[PDB]
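Have a look at the structure below before the remarks.
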Ligand SMILES: [Cl-]
Ligand SMILES: [Cl-]
Ligand SMILES: [Cl-]
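Residue numbers (the working numbering): 1134 to 1296.
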């Protein structure tokens, strides 16, 4: 575990992370996809061997010795708000299990279901709160990656609020 487990936020490409493993915002079929998933495919393509997994689950595939945790959030275009909320919570619980099993001291993680799976809604608070519910009992350093300047400020605020 980390000596003083922390949360941090960085605004940059998660393919350039400085952590011991990465969480991919994957699709259920293990396809290259777009956004975070396409960046992850360009950096760690070997990790997409047999990466297909259902909504609400995470499946880890090694790229060399570097673990890529494929976490499948719901597409809110297809799920009801209620069922989507349950699947998004479940995907993060499976990420916490994998991070624990791998014995890493740090993990790079995007906000699941906030991009093309958001069904056109701002889900920063919803996705971040499910991330915290899952990861708070882990002792890995968690570094959250985003691309938007206003999202960076809001995520940083939410982390600092609890400190
Ligand atoms: Cl960048
Ligand atoms: Cl997304
Ligand atoms: Cl973002």
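Just so it is clear, CB atoms sit at the ideal spot from N, CA and C, and this is done for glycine as well.
**Study point:** beta strand (DSSP E) runs contained entirely in the region 1221 to 1288, provided each spans 3 or more residues
**Key:** Given a length threshold of 3 residues, each whole run of the beta strand (DSSP E) inside the region 1221 to 1288 is given here in chain order: 1239 to 1243, 1274 to 1279.
Check your understanding: Once you ignore the five residues that flank residue 1192 on each side, which residues in its own chain have a CB closer than 7 Å to its CB?
Key -> Position 59 of the chain shown, counting from 1, holds the residue named residue 1192. Excluding the 5 residues flanking it on each side, residue 1192 has same chain C-beta neighbours closer than 7 Å at 1184, 1186, 1203, in chain order.
Check your understanding: Which partner residues of residue 1143 appear in the DSSP bridge assignment?
Key -> Translated into positions along the chain shown, residue 1143 becomes position 10. In the DSSP assignment, residue 1143 is bridged to 1278.
Exercise for review: Check whether the Cβ atoms of residue 1200 and residue 1245 sit closer than 9 Å, and answer yes or no.
Suggested key: The residue given as residue 1200 occupies position 67 in the chain shown. The residue given as residue 1245 occupies position 112 in the chain shown. Not a contact, by the Cβ cut-off of 9 Å.
Point to revise | Simplified DSSP state of residue 1178, which is helix, strand or coil | key: As a position in the chain shown, residue 1178 is number 45, starting the count at 1. In the three-state reduction of the DSSP assignment, residue 1178 falls in the helix class.
**Study point:** Of the residues 1143, 1175, 1138, the one placed nearest residue 1288, counting alpha carbons only
**Key:** Indexing the chain shown from 1 puts residue 1288 at position 155. Looking only at 1143, 1175, 1138, the smallest Cα-Cα distance to residue 1288 is reached by 1143.
Review point. Where does residue 1191 fall in DSSP's three states?
Key: Counted from its first residue, the chain shown places residue 1191 at position 58. Assignment of residue 1191 by DSSP, reduced to helix, strand and coil, places it in the strand class.
Review point. Are residue 1257 and residue 1284 closer than 9 Å when you measure CB to CB?
Key: Locating residue 1257 in the chain shown gives position 124, where the first residue counts as 1. Locating residue 1284 in the chain shown gives position 151, where the first residue counts as 1. Closer than 9 Å, so yes.
Exercise for review: May I ask you to check if the CB of residue 1191 is nearer than 8 Å to at least one heavy atom of ligand 2?
Suggested key: As a working note, residue 1191 is residue 58 in the chain shown. No, the beta carbon of residue 1191 sits no closer than 8 Å to any heavy atom of ligand 2.
Exercise for review: Count the other CB atoms, across all protein chains shown, that sit within 10 Å of the CB of residue 1302; report buried if there are 16 or more and exposed otherwise.
Suggested key: Examination of residue 1302 is not possible in this model, given that the chain is present from 1134 through 1296 alone.
Review point. Where does the unbroken beta strand (DSSP E) through residue 1156 begin, and where does it stop?
Key: Your numbering for residue 1156 matches position 23 in the chain shown. Annotation: the continuous beta strand (DSSP E) that includes residue 1156 extends over 1155 to 1158.
Exercise for review: Could you tell me the boundaries of the beta strand (DSSP E) in which residue 1200 lies?
Suggested key: Taking the first residue of the chain shown as position 1, residue 1200 is located at position 67. Counting along the chain, the unbroken beta strand (DSSP E) around residue 1200 starts and ends at 1199 to 1204.
Practice item. Using 10 angstroms around the beta-carbon of residue 1136, count the other beta-carbons present and answer buried if the total reaches 16, otherwise exposed. Key: Residue 1136 sits at position 3 when you count from the first residue of the chain shown. By the neighbour-count definition (other C-beta atoms within 10 Å, threshold 16), residue 1136 is an exposed residue.
Exercise for review: Give me whichever residues DSSP pairs with residue 1196 in a beta bridge.
Suggested key: As a first step, residue 1196 must be located in the chain shown, where it is residue number 63. DSSP lists 1199 as partners of residue 1196.
Point to revise | Residue burial classification, residue 1189 (beta-carbon count within 10 angstroms, cutoff 16) | key: Within the chain shown, numbered from 1, the residue matching residue 1189 stands at position 56. With 16 or more other Cβ atoms within 10 Å, it is buried.
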